[PDB]
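Colleague: Pasting a structure here, questions to come.
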Amino acid sequence: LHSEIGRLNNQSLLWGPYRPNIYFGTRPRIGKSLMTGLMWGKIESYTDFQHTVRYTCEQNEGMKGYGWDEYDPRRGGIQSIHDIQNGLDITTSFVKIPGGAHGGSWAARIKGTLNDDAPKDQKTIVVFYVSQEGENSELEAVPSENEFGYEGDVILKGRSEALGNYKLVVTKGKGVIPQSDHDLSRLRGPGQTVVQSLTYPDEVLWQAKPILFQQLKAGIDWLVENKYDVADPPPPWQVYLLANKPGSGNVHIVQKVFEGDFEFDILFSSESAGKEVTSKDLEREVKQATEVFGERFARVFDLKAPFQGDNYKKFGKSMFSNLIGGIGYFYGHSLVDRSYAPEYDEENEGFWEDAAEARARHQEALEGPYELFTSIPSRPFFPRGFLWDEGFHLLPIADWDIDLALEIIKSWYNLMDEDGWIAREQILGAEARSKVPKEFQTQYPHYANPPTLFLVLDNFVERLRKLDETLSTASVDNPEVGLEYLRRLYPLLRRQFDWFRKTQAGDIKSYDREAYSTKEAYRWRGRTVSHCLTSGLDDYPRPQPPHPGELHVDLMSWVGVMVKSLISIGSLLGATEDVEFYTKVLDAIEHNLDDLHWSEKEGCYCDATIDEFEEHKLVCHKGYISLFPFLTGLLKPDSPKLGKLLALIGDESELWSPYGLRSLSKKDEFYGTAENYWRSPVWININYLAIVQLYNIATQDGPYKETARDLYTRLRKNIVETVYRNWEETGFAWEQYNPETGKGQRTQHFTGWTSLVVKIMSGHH
Ligand SMILES: O=[N+]([O-])c1cc(-n2ccnn2)ccc1NCCCCCCN[C@H]1C[C@](O)(CO)[C@@H](O)[C@H](O)[C@H]1O
Ligand SMILES: *[C@@H]1O[C@H](CO)[C@@H](O)[C@H](O)[C@H]1NC(C)=O
């Protein structure tokens, strides 16, 4: 039955708008296949189009906003784009129609509305770009009757092994088509939909913009050569209308020009399914998808007081739809340094200088190809997989569709190498690389990241203990299916755990360090004087100078998180020898957190170093790091230490701002210094962990129950209201929030773990 659910899930998830790096485009979960993309831009002059045309996601003053209003990867959804520069509001509706043997069919509606400020006779160029990678695949544009282009629909017929036979149709559409009285029309027509069918080497097919512009440039070259000059120039829009030349090839450009409002459809018909998809099919299924989305949202994300209002519901729908709408399929090679240079061991004082020398050897090479199915922090700024981010992304998604989330977790673990390493940033293929400076592409096998995907697994296990709709919860509804999933994944989880202890081990034995265990101590590799990027808390102040005898309390707490998970999963699988080993490790971490990390003088947890005199020293900077054992759920609900942490969390003069918990204390000497990234701002992922642990203490009998209940109530309200207030004013979720002004700052479109706010509102953890 597991194999059967596997196949059904594959078929359900195959097609999507799985290119979150562009405003709108589709690809299936197949490395080398058919991809589609949308471009538009106003044309007012002979030179402006190259500046106006939209393709890849950005966020600047020329773009008011964009995002998914509704989305489910099984059914599709509706996206809204508000383009100031091009004076357009665009809607892209996408819908999936199951059937046949090849992952089903789909359709899209592209609707453009001129905004109030736009000239009522604006000319807009719109391009639908289609490409196909494959050795034995074919794609052919059926030619038009008319001399110069299409009066009606453009039909592409194609075949691949993965897709079988299919037809893709770009409809004539509704909206005024501008007409030219110029002489050029004798040779190019007066104005009509055109198609160029081209071939290029497979690996450059993703470069849609440069490919389009090269065609446009050859068009203009033709004009000059054929004596169309500045004495009497054709209109700008006609200068930029490609000459019709349809045919076979691995690239097809479908170009339309519109004056005023426009709309057109894209219909993809899997031949192996029933009758071909129609426009009428599209509208019906769109209506149906919205109805289904609304129902699931009210079940899954029941927003509790004081966020029951329609304003908060809209806010929740938007935050959630953008998070789930960010899911992408990525494929290609990665840049990895596989030297394992000895300087990367970081065993000596000054190690950061030795490590940089080794990096400057530039031994990294491309490897793979790999594929990844994942959500992403930010369409415009971070459109790729981040390891510890995904743990947070999947918490809301798992509520929506555990089978989806499990699929994504599986995607991630399928990347793990023989050592147990998964690269913390997944840049797959030349397309993904185009968005990343080369210096920052290289992944290092010694660099870890928080193993937050364990948290999602914890949620899955608890649920397991306690037709799309059916598929979405198949893995919990059929307990044998869930366990089979865990059976396969469990060895990879154990491998990663072992990798942590081999590669991120700290040094107890070689110093004057008394502690309950000689094994349990941990140190993030990859730290510079000012940074520890691998920890995820980029610039949070750590011991100075960096030192091989450092110990990091957050890393140890994550190791705690992992063992707990392996205890739960091992028990389920009856790995008795395993559970006994983990149990001892959990015991050891609990004592060693106290022995090496607890500061009585300061009343919180702390990183450690080794002195100028070779003595163990705590270095305390009060902030998220100080709370880590609490945030990770390692503290007993009656613990005196917990009490002290609750005092720190609730202290206004330290961590507690009107807008949420500051990442660093106002009293810390590093507050608001340097890049001030993790040195004061409020971060929703860490606030989310606090809220969940506060709630936990609040809903059990114990001495801190009422303290936690008060803090839970207020922190939930503070965090939700902060994100909502900014969403209301700016239309954006932000990477972080200013604790003095409440203002969102840094990266826009951070959906992104900011979207956890949907889970915070719906409560009842
Ligand atoms: O380095 N580049 O890619 C880069 C590319 C371009 N650029 C623009 C156009 N083309 N290229 C410009 C600049 C940079 N430098 C920035 C590198 C520092 C890494 C950011 C800090 N990480 C944040 C966010 C997460 O990393 C992901 O949400 C969290 O995981 C983490 O916890 C969190 O602190
Ligand atoms: C799901 O995607 C395709 C469709 O069959 C296949 O190549 C892939 O391996 C499937 N997953 C597994 C592990 O079978």
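Here the Cβ is made from the backbone with ideal geometry for all residues, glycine too, and neighbour counts use every protein chain on show. Each answer follows from the model by the rule given with it, or from the source it names; no laboratory instrument gave them.
Colleague: Looking at (1) farther than 26 Å from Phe264 by Cβ; (2) touching a strand residue (DSSP E or B) at 6+ places or on another chain (Cβ under 7 Å); (3) among the charged types (D, E, K, R), can you tell me which one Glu135 breaks?
Modeller: That leaves (2) as the condition not met.
Colleague: Related question: Could you check region 135-162 and list, in sequence order, the residues that are small (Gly, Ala, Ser) and surrounded by fewer than 18 Cβ atoms within 10 Å (Cβ to Cβ)?
Modeller: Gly152, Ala162 - these are the residues of region 135-162 that are small (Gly, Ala, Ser) and surrounded by fewer than 18 Cβ atoms within 10 Å (Cβ to Cβ).
Colleague: Check off (1) assigned to a loop (DSSP other than H, G, I, E, B); (2) crowded, with 20+ Cβ neighbours inside 10 Å; (3) not acidic (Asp, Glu) for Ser45 and give me the number that stays unchecked.
Modeller: (2)
Colleague: Another question about this same structure. Restricting the search to region 350-384, which residues are within 10 Å of ligand 1 (Cβ to nearest atom) and not hydrophobic (A, V, I, L, M, F, W, C)?
Modeller: Answer for region 350-384, where residues must be within 10 Å of ligand 1 (Cβ to nearest atom) and not hydrophobic (A, V, I, L, M, F, W, C): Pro377, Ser378, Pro380, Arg384.
Colleague: Sticking with this structure for a sec: Give me the residue from region 363-394 that is of a type outside the set (D, E, K, R) and surrounded by fewer than 18 Cβ atoms within 10 Å (Cβ to Cβ) and, out of that set, farthest from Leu457 (Cα to Cα).
Modeller: My answer is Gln363.
Colleague: Name the residues in region 526-546 that are surrounded by fewer than 20 Cβ atoms within 10 Å (Cβ to Cβ) and away from ligand 1 (no atom under 15 Å from the Cβ), would you?
Modeller: Across region 526-546, the qualifying residues are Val529, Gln544, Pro545.
Colleague: Suppose the filter is within 16 Å of ligand 1 (Cβ to nearest atom), more than 17 Å from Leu394 (Cβ to Cβ) and assigned to a helix (DSSP H, G or I); does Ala430 pass it?
Modeller: Judged against the criteria, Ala430 is a match.
Colleague: I've got another one for you. Could you go through region 331-341 and let me know if any residue there is among the charged types (D, E, K, R) and part of a helix (DSSP H, G or I).
Modeller: no
Colleague: Take the residues of region 638-665 that are small (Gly, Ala, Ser) and in a loop (DSSP other than H, G, I, E, B): which is nearest to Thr754 (Cα to Cα)?
Modeller: If we take residues in region 638-665 being small (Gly, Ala, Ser) and in a loop (DSSP other than H, G, I, E, B), then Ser663 is nearest to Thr754 (Cα to Cα).
Colleague: Hey, any hits in region 415-423 for a residue that's in a strand (DSSP E or B) and within 16 Å of ligand 2 (Cβ to nearest atom)?
Modeller: No, the conditions are met nowhere in region 415-423.
Colleague: Shifting gears a bit: Report, by residue number, each residue of region 16-35 that is in contact with a strand residue (DSSP E or B) (Cβ under 6 Å, 6 or more places away or on another chain) and within 14 Å of ligand 2 (Cβ to nearest atom).
Modeller: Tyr18, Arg27, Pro28, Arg29, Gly31
Colleague: Another question about this same structure. How about region 739-765: which of its residues are away from ligand 1 (no atom under 16 Å from the Cβ) and in a loop (DSSP other than H, G, I, E, B)?
Modeller: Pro739, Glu740, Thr741, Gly742, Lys743, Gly763, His764, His765, listed by residue number.
Colleague: Tell me whether region 148-158 contains one or more residues that are hydrophobic (A, V, I, L, M, F, W, C), within 16 Å of ligand 2 (Cβ to nearest atom) and more than 23 Å from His749 (Cβ to Cβ). First the steps, then the outcome.
Modeller: Start the filter on region 148-158 by keeping residues that are hydrophobic (A, V, I, L, M, F, W, C), which leaves 148, 154-156.
Next cut, within 16 Å of ligand 2 (Cβ to nearest atom) only: none.
No, region 148-158 has no match at all.
Colleague: Here's another thing I want to ask about it. Within 16 Å of ligand 2 (Cβ to nearest atom) and in the same structural domain as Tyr46 (by TED's automatic domain parsing), is that true of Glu145?
Modeller: Working: within 16 Å of ligand 2 (Cβ to nearest atom): no; in the same structural domain as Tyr46 (by TED's automatic domain parsing): yes.
The answer is no for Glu145.
Colleague: For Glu58, state whether it is more than 16 Å from ligand 2 (Cβ to nearest atom), surrounded by fewer than 22 Cβ atoms within 10 Å (Cβ to Cβ) and among the acidic types (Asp, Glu).
Modeller: Yes.
Colleague: Taking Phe440, is it assigned by TED's automatic domain parsing to the domain that holds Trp400 and buried (at least 20 other Cβ atoms within 10 Å of the Cβ)?
Modeller: It is false that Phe440 is assigned by TED's automatic domain parsing to the domain that holds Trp400 and buried (at least 20 other Cβ atoms within 10 Å of the Cβ).
Colleague: Hey, can you tell me all the residues within region 522-542 that are polar (S, T, N, Q) and assigned to a loop (DSSP other than H, G, I, E, B)?
Modeller: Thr528, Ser530
Colleague: Please count how many residues of region 367-386 are aromatic (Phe, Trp, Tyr) and either within 16 Å of ligand 2 (Cβ to nearest atom) or out of contact with any strand residue (DSSP E or B) (no Cβ under 9 Å at 6 or more places or on another chain) (or both). Walk me through how you get there before you give the answer.
Modeller: To start, the set of residues in region 367-386 that are aromatic (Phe, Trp, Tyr) comprises 370, 373, 381-382, 386.
With either within 16 Å of ligand 2 (Cβ to nearest atom) or out of contact with any strand residue (DSSP E or B) (no Cβ under 9 Å at 6 or more places or on another chain) (or both) added as a condition, the list becomes 370, 373.
Of the residues in that region, 2 qualify.
Colleague: Taking region 336-381, which residues are among the polar types (S, T, N, Q) and over 20 Å from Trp412 (Cβ atoms)?
Modeller: Hits for region 336-381 are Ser339, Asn348, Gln363.
Colleague: Checking the structure you have, find out if any residue of region 168-189 is surrounded by 14 or more Cβ atoms within 10 Å (Cβ to Cβ), of a type outside the set (S, T, N, Q) and touching a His at 6+ places or on another chain (Cβ under 7 Å).
Modeller: Within region 168-189 (the criterion being surrounded by 14 or more Cβ atoms within 10 Å (Cβ to Cβ), of a type outside the set (S, T, N, Q) and touching a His at 6+ places or on another chain (Cβ under 7 Å)), the answer is no, since none of the residues qualifies.
Colleague: From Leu8, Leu13, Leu1, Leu38, which residue is buried (at least 20 other Cβ atoms within 10 Å of the Cβ) and either within 16 Å of ligand 2 (Cβ to nearest atom) or outside the structural domain of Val204 (by TED's automatic domain parsing) (or both)?
Modeller: Among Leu8, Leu13, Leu1, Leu38, only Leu13 is buried (at least 20 other Cβ atoms within 10 Å of the Cβ) and either within 16 Å of ligand 2 (Cβ to nearest atom) or outside the structural domain of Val204 (by TED's automatic domain parsing) (or both).
Colleague: What are the residues in region 308-337 that are out of contact with any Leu (no Cβ under 7 Å at 6 or more places or on another chain) and closer than 30 Å to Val204 by Cα, if any?
Modeller: Passing the criteria: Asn322, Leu323, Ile324, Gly325, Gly326, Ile327, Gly328, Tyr329, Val336, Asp337.
Colleague: Residue by residue through region 304-327, note down the ones that are buried (at least 21 other Cβ atoms within 10 Å of the Cβ) and either of a type in the set (A, V, I, L, M, F, W, C) or in a loop (DSSP other than H, G, I, E, B) (or both).
Modeller: Result: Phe307, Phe315, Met319, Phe320, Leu323, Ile324, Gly326, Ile327.
Colleague: Touching a helix residue (DSSP H, G or I) at 6+ places or on another chain (Cβ under 7 Å), within 16 Å of ligand 1 (Cβ to nearest atom), more than 30 Å from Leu483 (Cα to Cα) and in the same structural domain as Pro201 (by TED's automatic domain parsing), is that true of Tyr55?
Modeller: The answer is yes for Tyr55.
Colleague: So, of the residues in region 489-521 that are of a type in the set (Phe, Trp, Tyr) and either within 16 Å of ligand 1 (Cβ to nearest atom) or in a helix (DSSP H, G or I) (or both), which turns out to be farthest from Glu425 (Cα to Cα)?
Modeller: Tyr490
Colleague: For region 387-414, which residues satisfy the criterion of being within 16 Å of ligand 2 (Cβ to nearest atom) and not in a loop (DSSP other than H, G, I, E, B)?
Modeller: Across region 387-414, the qualifying residues are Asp403, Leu404, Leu406, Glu407, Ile408, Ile409, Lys410, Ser411, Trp412, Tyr413.
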